[PDB]
There are 2 protein chains.
Amino acid sequence: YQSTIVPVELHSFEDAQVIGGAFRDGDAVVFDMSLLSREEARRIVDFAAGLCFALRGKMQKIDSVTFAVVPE
Amino acid sequence: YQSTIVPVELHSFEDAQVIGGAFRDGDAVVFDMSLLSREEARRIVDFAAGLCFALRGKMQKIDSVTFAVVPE
């Protein structure tokens, strides 16, 4: 069974849990921050860095509004 | 062998890895943000929330400049 990257269009910092749940279960996540304020985008990236640290994953910047988190 | 909470006096956002390493190994961490700028304190708390989410831990606010992360 294939494990396609989970795409997430973010709406607020509360959606950090959507990236977190998928990544915690072992899925790569690609997320879009273009509907967020500058403040909330920063918050998401910091939360995602904490996810990656905890589970030994890697965060990749695709562009100014698109990042991916990839499991170990 | 006892597992005493790890106290961390933070100096920059780079010290998120000090909270992260201890919490990832299963230690509770109590950290002080009184030497940080407002910007960096926010960044630390968001990174710590990502750590807690990933490993099913809990973050507790002690006061405006002191928080703890506790493993599951």
# chains A, B, ... in the order shown; residues from 1 in each chain; ligands from 1
$ residues_around --residues "residue 43 (chain A)" --least-positions-apart "5" --cutoff "7 Å" --atoms "only C-alpha atoms" --output "PDB file with N, CA, C and O atoms, in the first residue's frame"
ATOM      1  N   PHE A  13      -3.005  28.757  13.101  1.00  0.00           N
ATOM      2  CA  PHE A  13      -2.031  27.987  13.831  1.00  0.00           C
ATOM      3  C   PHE A  13      -2.649  26.716  14.411  1.00  0.00           C
ATOM      4  O   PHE A  13      -1.919  25.744  14.662  1.00  0.00           O
TER       5      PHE A  13
ATOM      6  N   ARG B  43       8.972  31.735  19.696  1.00  0.00           N
ATOM      7  CA  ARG B  43       9.515  30.679  18.848  1.00  0.00           C
ATOM      8  C   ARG B  43       9.792  29.426  19.651  1.00  0.00           C
ATOM      9  O   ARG B  43       9.446  28.309  19.216  1.00  0.00           O
ATOM     10  N   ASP B  46       6.524  27.601  20.594  1.00  0.00           N
ATOM     11  CA  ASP B  46       5.937  26.902  19.440  1.00  0.00           C
ATOM     12  C   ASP B  46       6.737  25.631  19.088  1.00  0.00           C
ATOM     13  O   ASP B  46       6.133  24.598  18.768  1.00  0.00           O
TER      14      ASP B  46
END
$ closest_atom_pairs --of "chain A" --to "chain B" --cutoff "9 Å" --atoms "only C-alpha atoms" --output "JSON lines"
{"residue": "A:16", "atom": "CA", "partner": "B:50", "partner_atom": "CA", "distance": 8.2}
{"residue": "A:17", "atom": "CA", "partner": "B:53", "partner_atom": "CA", "distance": 7.7}
{"residue": "A:20", "atom": "CA", "partner": "B:54", "partner_atom": "CA", "distance": 6.5}
{"residue": "A:21", "atom": "CA", "partner": "B:54", "partner_atom": "CA", "distance": 7.9}
{"residue": "A:23", "atom": "CA", "partner": "B:54", "partner_atom": "CA", "distance": 8.0}
{"residue": "A:24", "atom": "CA", "partner": "B:54", "partner_atom": "CA", "distance": 5.5}
{"residue": "A:42", "atom": "CA", "partner": "B:43", "partner_atom": "CA", "distance": 8.1}
{"residue": "A:43", "atom": "CA", "partner": "B:46", "partner_atom": "CA", "distance": 6.1}
{"residue": "A:44", "atom": "CA", "partner": "B:46", "partner_atom": "CA", "distance": 7.8}
{"residue": "A:45", "atom": "CA", "partner": "B:47", "partner_atom": "CA", "distance": 8.4}
{"residue": "A:46", "atom": "CA", "partner": "B:47", "partner_atom": "CA", "distance": 4.9}
{"residue": "A:47", "atom": "CA", "partner": "B:50", "partner_atom": "CA", "distance": 4.3}
{"residue": "A:48", "atom": "CA", "partner": "B:50", "partner_atom": "CA", "distance": 6.1}
{"residue": "A:49", "atom": "CA", "partner": "B:47", "partner_atom": "CA", "distance": 6.2}
{"residue": "A:50", "atom": "CA", "partner": "B:50", "partner_atom": "CA", "distance": 4.3}
{"residue": "A:51", "atom": "CA", "partner": "B:50", "partner_atom": "CA", "distance": 4.7}
{"residue": "A:52", "atom": "CA", "partner": "B:51", "partner_atom": "CA", "distance": 8.1}
{"residue": "A:53", "atom": "CA", "partner": "B:20", "partner_atom": "CA", "distance": 6.6}
{"residue": "A:54", "atom": "CA", "partner": "B:51", "partner_atom": "CA", "distance": 5.3}
{"residue": "A:55", "atom": "CA", "partner": "B:54", "partner_atom": "CA", "distance": 6.8}
$ select_by_dssp --residues "chain A" --states "alpha helix (DSSP H)" --output "ChimeraX atom specification"
/A:16-24,38-55
$ atom_distance --atom1 "CA of residue 32 (chain A)" --atom2 "CA of residue 6 (chain A)"
11.2 Å
$ closest_residue --among "A:18, A:27, A:3, A:33" --to "residue 64 (chain A)" --atoms "only C-alpha atoms"
A:33
$ residues_around --residues "residue 70 (chain B)" --least-positions-apart "4" --cutoff "7 Å" --atoms "only C-alpha atoms" --output "PyMOL selection string"
chain B and resi 28-29+57-59
$ write_last_selection --atoms "C-alpha atoms" --output "short mmCIF file (atom, residue, chain, number, x, y, z; two decimals), in the first residue's frame"
data_model
loop_
_atom_site.label_atom_id
_atom_site.label_comp_id
_atom_site.auth_asym_id
_atom_site.auth_seq_id
_atom_site.Cartn_x
_atom_site.Cartn_y
_atom_site.Cartn_z
CA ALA B 28 10.99 16.41 31.63
CA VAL B 29 12.52 19.87 30.96
CA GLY B 57 3.79 14.88 25.89
CA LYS B 58 2.35 17.85 27.75
CA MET B 59 3.48 21.45 27.97
#
$ atom_distance --atom1 "CA of residue 40 (chain A)" --atom2 "CA of residue 63 (chain A)"
16.3 Å
$ atom_distance --atom1 "CA of residue 26 (chain B)" --atom2 "CA of residue 7 (chain B)"
14.0 Å
